[PDB]
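Structure file protein_17.csv (CSV, C-alpha atoms) is printed below.
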chain,number,residue,atom,x,y,z
X,76,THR,CA,6.3,-13.6,20.3
X,77,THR,CA,5.1,-10.6,18.2
X,78,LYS,CA,7.6,-7.9,19.1
X,79,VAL,CA,7.3,-4.0,19.3
X,80,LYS,CA,8.0,-1.9,16.2
X,81,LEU,CA,11.4,-0.6,15.3
X,82,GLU,CA,11.6,3.1,16.3
X,83,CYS,CA,12.0,4.5,12.8
X,84,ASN,CA,10.0,7.6,11.9
X,85,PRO,CA,6.4,6.3,12.5
X,86,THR,CA,4.9,8.6,9.8
X,87,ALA,CA,6.9,6.9,7.1
X,88,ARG,CA,5.2,3.5,7.1
X,89,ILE,CA,1.7,5.0,7.0
X,90,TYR,CA,1.4,4.9,3.2
X,91,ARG,CA,2.6,1.3,3.3
X,92,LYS,CA,-0.1,0.0,5.6
X,93,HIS,CA,-3.1,2.1,4.7
X,94,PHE,CA,-2.9,3.1,1.0
X,95,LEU,CA,-0.8,0.5,-0.7
X,96,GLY,CA,-2.9,-2.3,-2.2
X,97,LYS,CA,-6.2,-0.6,-1.4
X,98,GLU,CA,-8.3,2.0,-3.2
X,99,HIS,CA,-6.8,5.5,-3.0
X,100,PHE,CA,-6.0,8.6,-5.1
X,101,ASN,CA,-2.7,10.3,-5.7
X,102,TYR,CA,-2.4,13.9,-6.9
X,103,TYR,CA,0.5,16.3,-7.7
X,104,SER,CA,0.7,20.0,-8.1
X,105,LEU,CA,3.1,23.0,-8.2
X,106,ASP,CA,2.9,25.4,-5.2
X,107,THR,CA,5.5,28.2,-5.7
X,108,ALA,CA,5.3,28.8,-1.9
X,109,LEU,CA,6.1,25.3,-0.6
X,110,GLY,CA,7.6,23.4,-3.6
X,111,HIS,CA,6.7,20.2,-5.5
X,112,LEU,CA,3.6,18.5,-3.9
X,113,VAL,CA,2.8,14.7,-3.9
X,114,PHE,CA,-0.4,14.1,-2.0
X,115,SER,CA,-2.4,10.9,-1.4
X,116,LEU,CA,-5.9,10.4,-0.1
X,117,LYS,CA,-8.1,7.4,1.1
X,118,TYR,CA,-11.8,7.4,1.8
X,119,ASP,CA,-12.4,4.8,4.5
X,120,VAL,CA,-15.0,3.8,7.2
X,121,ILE,CA,-14.5,2.4,10.7
X,122,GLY,CA,-17.8,0.9,11.9
X,123,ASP,CA,-20.2,3.3,10.3
X,124,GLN,CA,-18.2,6.5,11.1
X,125,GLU,CA,-16.7,7.7,7.9
X,126,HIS,CA,-13.2,9.2,7.9
X,127,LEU,CA,-10.8,10.4,5.2
X,128,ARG,CA,-7.1,9.7,5.6
X,129,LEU,CA,-4.9,12.4,4.1
X,130,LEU,CA,-1.1,12.4,3.4
X,131,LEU,CA,0.7,15.3,1.7
X,132,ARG,CA,4.4,15.5,0.9
X,133,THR,CA,6.3,18.7,0.6
X,134,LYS,CA,9.8,19.7,-0.6
X,135,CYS,CA,10.5,19.6,3.1
X,136,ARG,CA,8.1,17.7,5.4
X,137,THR,CA,5.2,15.2,5.0
X,138,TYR,CA,1.8,16.1,6.6
X,139,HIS,CA,-0.7,13.5,7.9
X,140,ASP,CA,-4.2,13.8,9.5
X,141,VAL,CA,-7.5,11.9,9.6
X,142,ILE,CA,-10.6,13.8,8.8
X,143,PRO,CA,-14.1,12.6,9.6
X,144,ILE,CA,-17.0,13.2,7.2
X,145,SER,CA,-20.7,12.6,7.9
X,146,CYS,CA,-23.3,12.5,5.2
X,147,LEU,CA,-21.8,16.0,4.9
X,148,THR,CA,-22.8,15.3,1.3
X,149,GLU,CA,-20.2,17.7,0.0
X,150,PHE,CA,-17.0,15.8,-0.8
X,151,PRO,CA,-14.3,18.4,-0.1
X,152,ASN,CA,-12.7,19.0,-3.5
X,153,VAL,CA,-9.0,18.1,-3.8
X,154,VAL,CA,-7.8,21.6,-3.2
X,155,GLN,CA,-9.9,22.1,-0.1
X,156,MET,CA,-8.9,18.7,1.1
X,157,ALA,CA,-5.2,19.5,0.7
X,158,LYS,CA,-5.8,22.7,2.7
X,159,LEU,CA,-7.5,20.7,5.5
X,160,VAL,CA,-4.2,18.9,6.3
X,161,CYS,CA,-1.8,21.7,5.4
X,162,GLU,CA,-3.1,25.3,5.5
X,163,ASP,CA,-0.1,27.1,3.8
X,164,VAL,CA,-1.0,25.2,0.6
X,165,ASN,CA,-2.1,27.6,-2.1
X,166,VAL,CA,-2.5,26.0,-5.5
X,167,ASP,CA,-5.0,26.5,-8.4
X,168,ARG,CA,-5.8,22.8,-8.8
X,169,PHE,CA,-4.3,19.4,-8.3
X,170,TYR,CA,-3.5,17.1,-11.2
X,171,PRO,CA,-4.4,13.4,-10.8
X,172,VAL,CA,-1.7,10.7,-11.0
X,173,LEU,CA,-2.6,8.0,-13.6
X,174,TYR,CA,0.7,6.0,-13.8
X,175,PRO,CA,-0.3,2.4,-12.7
X,176,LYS,CA,3.2,1.9,-11.3
X,177,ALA,CA,2.9,5.2,-9.2
X,178,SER,CA,1.9,3.5,-5.9
X,179,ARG,CA,5.3,1.7,-5.9
X,180,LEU,CA,7.3,4.9,-6.7
X,181,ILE,CA,5.5,6.6,-3.9
X,182,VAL,CA,5.8,3.9,-1.2
X,183,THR,CA,9.5,3.8,-2.0
X,184,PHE,CA,10.0,7.5,-1.4
X,185,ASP,CA,8.2,7.4,2.0
X,186,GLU,CA,10.1,4.4,3.1
X,187,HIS,CA,13.6,5.7,2.4
X,188,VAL,CA,14.2,6.9,6.0
X,189,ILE,CA,13.7,3.3,7.0
X,190,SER,CA,16.8,1.3,6.3
X,191,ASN,CA,17.2,-2.5,5.6
X,192,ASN,CA,20.8,-2.9,6.8
X,193,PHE,CA,23.0,-1.6,9.5
X,194,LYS,CA,26.8,-1.2,10.1
X,195,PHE,CA,27.6,-1.0,13.9
X,196,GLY,CA,30.9,-0.8,15.7
X,197,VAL,CA,32.4,-3.0,18.4
X,198,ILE,CA,35.3,-1.7,20.7
X,199,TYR,CA,37.1,-3.4,23.6
X,200,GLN,CA,38.0,-1.3,26.6
X,201,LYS,CA,40.8,-3.2,28.6
X,202,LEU,CA,42.5,-2.7,32.0
X,203,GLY,CA,41.5,0.9,32.7
X,204,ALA,CA,41.8,2.6,29.3
X,205,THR,CA,41.0,6.3,28.6
X,206,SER,CA,42.5,7.5,25.3
X,207,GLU,CA,41.8,6.5,21.6
X,208,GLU,CA,44.9,4.4,20.9
X,209,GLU,CA,44.6,2.5,24.2
X,210,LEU,CA,41.4,1.0,22.7
X,211,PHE,CA,42.0,0.8,18.9
X,212,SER,CA,45.3,-1.1,19.3
X,213,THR,CA,44.1,-3.9,21.6
X,214,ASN,CA,45.1,-7.3,20.2
X,215,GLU,CA,44.1,-10.7,21.6
X,216,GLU,CA,40.7,-11.0,23.2
X,217,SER,CA,39.6,-11.2,26.8
X,218,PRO,CA,37.9,-14.5,27.9
X,219,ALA,CA,34.6,-12.6,28.3
X,220,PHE,CA,34.8,-10.8,25.0
X,221,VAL,CA,35.2,-14.1,23.0
X,222,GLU,CA,32.2,-15.5,24.8
X,223,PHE,CA,30.3,-12.3,24.0
X,224,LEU,CA,31.1,-12.2,20.3
X,225,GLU,CA,29.7,-15.6,19.4
X,226,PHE,CA,26.6,-14.9,21.5
X,227,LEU,CA,25.9,-11.5,19.9
X,228,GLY,CA,26.2,-12.9,16.3
X,229,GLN,CA,27.5,-15.7,14.1
X,230,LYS,CA,31.1,-15.6,12.9
X,231,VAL,CA,31.5,-15.4,9.1
X,232,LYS,CA,34.4,-15.7,6.6
X,233,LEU,CA,34.7,-12.4,4.7
X,234,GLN,CA,36.7,-13.9,1.8
X,235,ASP,CA,33.5,-14.9,-0.1
X,236,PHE,CA,30.6,-13.2,1.6
X,237,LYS,CA,27.2,-13.0,-0.2
X,238,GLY,CA,25.2,-10.7,2.2
X,239,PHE,CA,25.5,-7.1,3.2
X,240,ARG,CA,29.2,-6.2,3.6
X,241,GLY,CA,29.0,-2.7,5.0
X,242,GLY,CA,32.1,-1.3,3.4
X,243,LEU,CA,34.2,-4.4,4.3
X,244,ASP,CA,36.3,-6.5,1.9
X,245,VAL,CA,35.0,-9.7,0.3
X,246,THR,CA,37.2,-10.3,-2.8
X,247,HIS,CA,40.7,-9.0,-2.0
X,248,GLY,CA,40.4,-9.6,1.8
X,249,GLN,CA,41.9,-6.2,2.6
X,250,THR,CA,39.7,-5.6,5.7
X,251,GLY,CA,39.9,-8.3,8.4
X,252,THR,CA,40.2,-12.1,8.3
X,253,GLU,CA,36.8,-12.8,9.8
X,254,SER,CA,33.9,-10.7,11.2
X,255,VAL,CA,30.5,-10.8,13.1
X,256,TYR,CA,27.2,-10.5,11.3
X,257,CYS,CA,23.5,-11.5,11.9
X,258,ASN,CA,20.1,-11.3,10.3
X,259,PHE,CA,17.8,-9.7,12.9
X,260,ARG,CA,14.3,-8.8,11.7
X,261,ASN,CA,14.2,-8.5,7.9
X,262,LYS,CA,17.2,-6.3,8.6
X,263,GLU,CA,20.9,-7.2,8.0
X,264,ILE,CA,23.4,-6.1,10.6
X,265,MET,CA,27.2,-6.1,10.0
X,266,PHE,CA,29.6,-5.3,12.9
X,267,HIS,CA,33.0,-3.7,12.7
X,268,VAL,CA,34.9,-5.4,15.5
X,269,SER,CA,38.3,-3.6,16.0
X,270,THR,CA,40.1,-6.7,17.0
X,271,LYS,CA,39.0,-8.6,13.9
X,272,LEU,CA,39.9,-5.7,11.7
X,273,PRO,CA,43.5,-5.4,10.2
X,274,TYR,CA,46.3,-4.0,12.4
X,275,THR,CA,49.0,-1.5,11.2
X,276,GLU,CA,52.4,-1.5,12.9
X,277,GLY,CA,53.4,1.9,14.5
X,278,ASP,CA,50.2,3.6,13.5
X,279,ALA,CA,48.9,6.0,16.2
X,280,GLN,CA,45.3,6.5,15.0
X,281,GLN,CA,45.1,2.8,13.7
X,282,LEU,CA,43.5,4.1,10.5
X,283,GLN,CA,42.7,0.6,9.1
X,284,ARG,CA,40.4,-0.1,12.1
X,285,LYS,CA,39.3,3.5,12.5
X,286,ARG,CA,38.0,3.9,8.9
X,287,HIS,CA,35.1,1.6,9.6
X,288,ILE,CA,34.2,2.3,13.3
X,289,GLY,CA,34.8,6.0,12.6
X,290,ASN,CA,32.1,6.1,9.9
X,291,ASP,CA,29.7,4.2,12.1
X,292,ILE,CA,26.8,6.1,13.7
X,293,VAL,CA,26.4,3.8,16.7
X,294,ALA,CA,28.7,1.3,18.4
X,295,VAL,CA,29.0,-1.2,21.2
X,296,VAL,CA,31.6,-0.9,24.0
X,297,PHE,CA,32.6,-4.1,25.9
X,298,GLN,CA,34.3,-3.6,29.2
X,299,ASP,CA,35.6,-6.0,32.0
X,300,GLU,CA,35.8,-3.6,35.0
X,301,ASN,CA,33.7,-0.5,35.6
X,302,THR,CA,36.0,1.9,33.7
X,303,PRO,CA,34.1,5.2,32.8
X,304,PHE,CA,33.3,6.2,29.2
X,305,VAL,CA,32.2,9.4,27.3
X,306,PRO,CA,31.7,10.2,23.6
X,307,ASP,CA,34.9,12.3,23.8
X,308,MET,CA,37.4,9.4,24.3
X,309,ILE,CA,37.0,8.9,20.5
X,310,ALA,CA,37.0,11.7,17.8
X,311,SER,CA,34.5,11.1,15.0
X,312,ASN,CA,32.1,13.2,12.9
X,313,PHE,CA,29.8,10.2,12.6
X,314,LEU,CA,29.6,8.4,16.0
X,315,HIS,CA,26.7,9.8,18.0
X,316,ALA,CA,25.6,7.0,20.3
X,317,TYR,CA,27.3,4.2,22.3
X,318,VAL,CA,26.0,1.2,24.2
X,319,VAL,CA,28.1,0.2,27.3
X,320,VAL,CA,28.3,-3.5,28.1
X,321,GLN,CA,30.3,-4.9,31.1
X,322,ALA,CA,30.8,-8.4,32.4
X,323,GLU,CA,30.3,-9.7,36.0
X,324,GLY,CA,31.5,-12.6,38.2
X,325,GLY,CA,28.0,-12.8,39.8
X,326,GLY,CA,26.4,-15.4,37.5
X,327,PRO,CA,26.8,-19.2,38.2
X,328,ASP,CA,24.9,-19.7,34.9
X,329,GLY,CA,25.9,-17.0,32.4
X,330,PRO,CA,27.8,-13.9,33.3
X,331,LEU,CA,25.7,-10.9,34.3
X,332,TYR,CA,26.0,-7.9,32.0
X,333,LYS,CA,25.7,-4.3,33.4
X,334,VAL,CA,24.3,-2.2,30.6
X,335,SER,CA,24.0,1.6,30.1
X,336,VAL,CA,23.7,4.2,27.3
X,337,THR,CA,25.9,7.1,26.4
X,338,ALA,CA,24.1,9.7,24.4
X,339,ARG,CA,25.3,13.0,22.9
X,340,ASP,CA,22.9,15.8,24.0
X,341,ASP,CA,22.2,15.9,20.3
X,342,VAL,CA,20.2,12.6,20.2
X,343,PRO,CA,16.7,12.0,21.7
X,344,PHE,CA,15.6,9.3,24.1
X,345,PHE,CA,15.4,6.0,22.2
X,346,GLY,CA,15.2,2.2,22.3
X,347,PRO,CA,13.4,-0.3,24.5
X,348,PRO,CA,13.4,1.1,28.1
X,349,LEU,CA,16.4,-0.1,30.3
X,350,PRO,CA,15.4,-2.5,33.1
X,351,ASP,CA,15.4,-1.4,36.7
X,352,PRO,CA,18.2,-3.7,37.7
X,353,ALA,CA,20.1,-2.7,34.5
X,354,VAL,CA,21.4,-6.3,34.3
X,355,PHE,CA,20.9,-9.0,31.6
X,356,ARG,CA,20.8,-12.6,30.5
X,357,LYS,CA,23.5,-14.6,28.6
X,358,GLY,CA,21.0,-16.2,26.2
X,359,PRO,CA,18.8,-15.1,23.2
X,360,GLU,CA,16.7,-13.0,25.6
X,361,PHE,CA,19.2,-10.2,25.9
X,362,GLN,CA,20.6,-10.5,22.4
X,363,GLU,CA,17.2,-9.6,20.9
X,364,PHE,CA,17.1,-6.5,23.1
X,365,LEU,CA,20.6,-5.2,22.3
X,366,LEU,CA,20.1,-5.2,18.5
X,367,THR,CA,16.7,-3.4,18.8
X,368,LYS,CA,18.5,-0.9,21.1
X,369,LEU,CA,21.2,-0.3,18.4
X,370,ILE,CA,18.7,-0.1,15.5
X,371,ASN,CA,16.5,2.3,17.5
X,372,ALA,CA,19.8,4.1,18.4
X,373,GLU,CA,20.7,4.9,14.8
X,374,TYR,CA,17.1,5.9,14.0
X,375,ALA,CA,17.5,8.4,17.0
X,376,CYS,CA,20.6,9.9,15.4
X,377,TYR,CA,18.8,10.4,12.1
X,378,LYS,CA,17.0,13.1,13.9
X,379,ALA,CA,20.2,14.7,15.4
X,380,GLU,CA,21.9,17.8,14.1
X,381,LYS,CA,24.5,16.5,11.6
X,382,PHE,CA,22.2,14.0,9.7
X,383,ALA,CA,19.1,16.1,9.6
X,384,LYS,CA,21.0,18.8,7.8
X,385,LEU,CA,22.0,16.3,5.1
X,386,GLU,CA,18.6,14.7,5.0
X,387,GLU,CA,17.0,18.0,4.2
X,388,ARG,CA,18.7,18.2,0.8
X,389,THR,CA,18.3,14.5,0.1
X,390,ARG,CA,14.5,14.6,0.7
X,391,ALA,CA,13.9,17.6,-1.7
X,392,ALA,CA,16.1,16.0,-4.4
X,393,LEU,CA,14.3,12.6,-4.1
X,394,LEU,CA,11.0,14.4,-4.2
X,395,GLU,CA,11.8,16.2,-7.5
X,396,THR,CA,12.9,12.8,-8.8
X,397,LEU,CA,9.4,11.5,-7.9
X,398,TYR,CA,7.4,14.6,-8.9
X,399,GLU,CA,8.9,14.4,-12.4
X,400,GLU,CA,8.1,10.7,-12.9
X,401,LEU,CA,4.4,11.1,-11.9
X,402,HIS,CA,4.1,14.1,-14.1
X,403,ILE,CA,5.6,12.8,-17.4
X,404,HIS,CA,4.0,9.3,-17.0
X,405,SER,CA,0.6,10.6,-16.1
X,406,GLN,CA,0.7,12.9,-19.1
X,407,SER,CA,1.6,10.2,-21.6
X,408,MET,CA,-1.5,8.3,-20.5
X,409,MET,CA,-3.4,10.6,-22.9
X,410,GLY,CA,-0.6,12.9,-24.4
X,411,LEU,CA,-0.5,16.7,-24.2
Represent the structure contained in this file as structure tokens.
Amino acid sequence: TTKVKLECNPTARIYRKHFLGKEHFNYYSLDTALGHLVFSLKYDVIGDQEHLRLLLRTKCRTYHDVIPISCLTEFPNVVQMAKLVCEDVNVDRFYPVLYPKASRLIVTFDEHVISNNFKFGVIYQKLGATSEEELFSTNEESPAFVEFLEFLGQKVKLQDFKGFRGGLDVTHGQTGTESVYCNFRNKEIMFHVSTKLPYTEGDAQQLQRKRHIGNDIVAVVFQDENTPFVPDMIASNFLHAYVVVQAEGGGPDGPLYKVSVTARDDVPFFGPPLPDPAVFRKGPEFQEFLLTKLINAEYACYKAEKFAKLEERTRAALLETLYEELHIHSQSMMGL
């Protein structure tokens, strides 16, 4: 097994696998038209055909393109080169980055839209539920739901947990007795199961359960019958995608699971493609799929309306952070 890539923004991990730990150059300059600029370049050959991989980062976006070069003898100067991957660039000259730690500051800026840990939600839909409270108040698990939870991940005591918590309570034990968690790739996934989360008596919205699942971006929904579901049954500013999972009595060895997505017309197509039966295993086969689908699901929402707006301001701020560091540190490599 080698496995397909996680559907994070592909253009992020470029620097990582082409520039880092190999010979490149990093330059910075101040364009008053586009903002702070942090721009890398690598001269490389494939076969005997010489190319020139460029990567320029703006207050806003990050531009990539490969440019071939013959014995074109002229090496396009750094300003020309910049303009060959982004035309709106209009600067006097670029200044070279000379801080020997720079490559690590840079890789860490590009790889900030890839995340190492995930908090997902789990909800049980019983009988023929429709509203919010019908779901969020369900106590005591279905036979199928119990079987499902131990298969999906390992049970873990929260009371002295060393890994990624995801907003849950370790020390005081305020949030749930136990939970479900697993280590997927080099990624850490923590689930917020409603039934495992603490119950309040008389509470309509069930706030103690809805504080976690409500701040989740993606969540699983486990059914027993074929009771319909939409992203409107639940009211949340954060939940943008749901994975529907339903049990079957048509499996002599392992129950069959009917699986389907429920997007908001805000999120793109994502995840490993859904099989033509739309049915699944009971073993590690399906488990591996589901988690990729959820991880790819969140990465899909990153592009959606709500998060992209916030991301815009984060990116520019983190760029200024970086731009400063490469400026001051490159300067005190000679002074001035």
Go through X:164, X:180, X:330, X:345 and flag the residue nearest residue 396 of chain X, using only C-alpha atoms for the distances.
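Of the candidates, the smallest distance to residue 396 of chain X is held by X:180.
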Atom CA of residue 115 of chain X sits from atom CA of residue 83 of chain X at a separation of 21.2 Å
Restricting the calculation to only C-alpha atoms, which member of X:366, X:79, X:322, X:182 is positioned closest to residue 92 of chain X?
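Among the listed residues, X:182 lies closest to residue 92 of chain X.
Atom to atom, atom CA of residue 261 of chain X and atom CA of residue 344 of chain X stand 24.1 Å apart.
The residue that comes closest to residue 187 of chain X, out of X:369, X:394, X:409, X:316 and on the basis of all atoms listed in the file, is X:394.
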Exercise. Show which residues sit within 12 Å of residue 248 of chain X, as a PyMOL selection string. Count all atoms listed in the file, and ignore same-chain residues fewer than 5 positions away.
Key: chain X and resi 232-236+240+242-243+253-254+272-273
**OP:** Excluding residue 191 of chain X and any residue of its chain fewer than 2 positions from it, enumerate the residues within 9 Å of it, using all atoms listed in the file, and give them as a PyMOL selection string.
**Re:** chain X and resi 189+193+261-264
Between X:223, X:386, X:317, X:90, smallest distance to residue 332 of chain X by only C-alpha atoms belongs to X:223
Item to check | Separation of atom CA of residue 241 of chain X from atom CA of residue 210 of chain X, in Å and rounded to one decimal | outcome: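 If I compute the distance from atom CA of residue 241 of chain X to atom CA of residue 210 of chain X, I get 21.9 Å.
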Item to complete: Pick out the residues sitting within 12 Å of residue 257 of chain X, and hand them over as a list in words; count all atoms listed in the file, and ignore anything fewer than 5 positions along from it in its own chain.
Response: residues 192, 193, 194, 195, 224, 225, 226, 227, 228, 229, 230, 231, 238, 239, 240, 262, 263, 264, 265, 266, 362, 363 and 366 of chain X
Keeping C-alpha atoms for every residue in the selection just given, could you write it to a file as a PDB file, in the coordinates of the input?
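Output contents, as saved in result_14.pdb:
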ATOM      1  CA  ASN X 192      20.800  -2.900   6.800  1.00  0.00           C
ATOM      2  CA  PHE X 193      23.000  -1.600   9.500  1.00  0.00           C
ATOM      3  CA  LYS X 194      26.800  -1.200  10.100  1.00  0.00           C
ATOM      4  CA  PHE X 195      27.600  -1.000  13.900  1.00  0.00           C
ATOM      5  CA  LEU X 224      31.100 -12.200  20.300  1.00  0.00           C
ATOM      6  CA  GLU X 225      29.700 -15.600  19.400  1.00  0.00           C
ATOM      7  CA  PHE X 226      26.600 -14.900  21.500  1.00  0.00           C
ATOM      8  CA  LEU X 227      25.900 -11.500  19.900  1.00  0.00           C
ATOM      9  CA  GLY X 228      26.200 -12.900  16.300  1.00  0.00           C
ATOM     10  CA  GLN X 229      27.500 -15.700  14.100  1.00  0.00           C
ATOM     11  CA  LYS X 230      31.100 -15.600  12.900  1.00  0.00           C
ATOM     12  CA  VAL X 231      31.500 -15.400   9.100  1.00  0.00           C
ATOM     13  CA  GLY X 238      25.200 -10.700   2.200  1.00  0.00           C
ATOM     14  CA  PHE X 239      25.500  -7.100   3.200  1.00  0.00           C
ATOM     15  CA  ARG X 240      29.200  -6.200   3.600  1.00  0.00           C
ATOM     16  CA  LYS X 262      17.200  -6.300   8.600  1.00  0.00           C
ATOM     17  CA  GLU X 263      20.900  -7.200   8.000  1.00  0.00           C
ATOM     18  CA  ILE X 264      23.400  -6.100  10.600  1.00  0.00           C
ATOM     19  CA  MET X 265      27.200  -6.100  10.000  1.00  0.00           C
ATOM     20  CA  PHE X 266      29.600  -5.300  12.900  1.00  0.00           C
ATOM     21  CA  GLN X 362      20.600 -10.500  22.400  1.00  0.00           C
ATOM     22  CA  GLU X 363      17.200  -9.600  20.900  1.00  0.00           C
ATOM     23  CA  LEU X 366      20.100  -5.200  18.500  1.00  0.00           C
TER      24      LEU X 366
END
